[PDB]
Amino acid sequence: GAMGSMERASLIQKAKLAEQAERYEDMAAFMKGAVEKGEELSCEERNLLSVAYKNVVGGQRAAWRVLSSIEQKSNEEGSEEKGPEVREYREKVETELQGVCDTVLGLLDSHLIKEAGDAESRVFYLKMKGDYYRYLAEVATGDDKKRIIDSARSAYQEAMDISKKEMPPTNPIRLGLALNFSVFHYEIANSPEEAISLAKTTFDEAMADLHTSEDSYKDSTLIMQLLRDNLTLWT
Amino acid sequence: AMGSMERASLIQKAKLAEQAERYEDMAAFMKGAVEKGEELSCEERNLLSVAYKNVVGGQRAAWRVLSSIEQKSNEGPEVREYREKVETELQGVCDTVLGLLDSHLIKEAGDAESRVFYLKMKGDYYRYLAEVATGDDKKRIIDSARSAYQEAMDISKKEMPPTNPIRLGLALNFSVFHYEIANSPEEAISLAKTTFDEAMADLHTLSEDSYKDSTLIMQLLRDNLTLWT
Amino acid sequence: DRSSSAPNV
Amino acid sequence: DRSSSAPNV
Ligand SMILES: *CC(=O)NCC1CCN(S(=O)(=O)c2ccc(I)cc2)CC1
Ligand SMILES: *CC(=O)NCC1CCN(S(=O)(=O)c2ccc(I)cc2)CC1
Ligand SMILES: [Cl-]
Ligand SMILES: [Cl-]
Ligand SMILES: [Mg+2]
Ligand SMILES: [Mg+2]
Ligand SMILES: [Mg+2]
Ligand SMILES: [Mg+2]
Ligand SMILES: [Mg+2]
Ligand SMILES: [Mg+2]
Ligand SMILES: [Mg+2]
């Protein structure tokens, strides 16, 4: 409810409880409140913020996809009598999804991106901005779609530029960014050539430095496997 | 604005929400459909039941996690406060379901199958309230669950065959009530064993459309009996 | 283990 | 399949 007066440490503790309870909407709200306390986030805290909102929007995206498929199948069949209910319900889910994306983008703009000290956290938040514009782009139509795509591209490119200057090629944040930007190219921007070349370069450059911390090894190698899987799917 | 949608459109949207795994929406649609004032079909009762059981199921699982953490901690105020918040939301949903059963669904008329189904559901949602209740209110809640289940049992024994899936599901849940809520393991085991045996004795008369469901409930009776003995 | 009640059909 | 993006760690 009224989180402005709540102890920041209490909001983080409650976000962790909500995570254990698989209450991701609550978790997200707690982390929004924590962000709004106005301090920078730690690593753990970025992870909580990310997990919470990705679970919420993940659910909405999955539901949207089901409904869109039913809508399209219905319309294609073209029966004089079916279609209005699924359209309206798809629009309801879509509106809710857009609302969550707008919340995340608002927090990034109002609190997180400007206030980040270090390059690593700046890249993480710019990546997140790219991702939530990408989720808006999945459901956008027409001219709004073009603007949204441009916004995603701009955020990702800025992140990429920083990451190449400031972070090693095996850094999990740099890897996750490159993976997601390649997905943007393929799925959103209809640029398969760019997707494939970014994914291949990312994979190869990470492999070349793989011999250098065990603390990041599991995360980095998991992203490299997803790059490989995408490359197999795309070729 | 559920009330501004036609009944057929509310049912259609409940089915869509089911496909999308959006159970809160599904429940809201089914509540609107109930409020149109027509009886529900079997299919439609199943939609209502699935929707609300999924919602409260999530709440119950979350409550159990938080309650466990709370109890381990006791062995700051945050876990109590958050457990209380989840608990209040769970009670809200149970109250919504119980309100609909009372205001719209439970009636003196209609076939025995639907009467027993709704009385069973009343017992279930009082049982979910009992899981979280502490104090004097707990005794009242337990009595309400018992009364609902017993009335359902009495109807089912007079009016329905022993292998009917609604009769079976009711007996299974009433046995769970005895074991987990009412501190009555002897009655739980006796009810489950009698239910199982009487159902198996008449299984050869059960229609094929009920076979899968009835056999699943009989398996759960067997598994509970193994757990309890 | 918790007792099992009737599942969603 | 859809492409895979970065998961929850
Ligand atoms: C130290 C830190 O800043 N926090 C952990 C982050 C959350 C998730 N990101 S990510 O979205 O870039 C990502 C990379 C790799 C994997 I496996 C999952 C997510 C990384 C930093
Ligand atoms: C014809 C009918 O009234 N509808 C289907 C019902 C919904 C669920 N109930 S139940 O809760 O008693 C139940 C029985 C068996 C199983 I497997 C699951 C639930 C049955 C009737
Ligand atoms: Cl709708
Ligand atoms: Cl709380
Ligand atoms: Mg302080
Ligand atoms: Mg037709
Ligand atoms: Mg729209
Ligand atoms: Mg550096
Ligand atoms: Mg009407
Ligand atoms: Mg309470
Ligand atoms: Mg009378």
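One-based numbering along the chain as shown.
Keep in mind that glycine also has a Cβ here, set from the backbone N, Cα and C atoms.
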Annotated residue, phosphoserine, per Swiss-Prot; candidates B:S9, B:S49, B:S67: B:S9
Deposited-model gap closure distance - 6 residues unmodelled, Cα of B:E75 to Cα of B:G76, Å: 13
Neighbour tally for B:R60 (site 'Interaction with phosphoserine on interacting protein'), based on other Cβ positions within 10 Å of its Cβ: 17
Rounded to the nearest Å - Cα separation of B:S9 (phosphoserine) and B:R127 (site 'Interaction with phosphoserine on interacting protein'): 32
DSSP-assigned states of the expression tag (B:1-4) in counts, ordered helix, strand, coil: 3 helix, 0 strand, 1 coil
Cβ-Cβ distance under 8 Å to B:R127 (site 'Interaction with phosphoserine on interacting protein'), same chain, at least six residues away: B:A145, B:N173, B:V176, B:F177, B:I181
Cβ atoms near B:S9 (phosphoserine) (within 10 Å, other residues, all chains): 18
Near-A candidates in B:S9, B:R60, B:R127, the recorded positions, by Cβ under 8 Å: B:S9
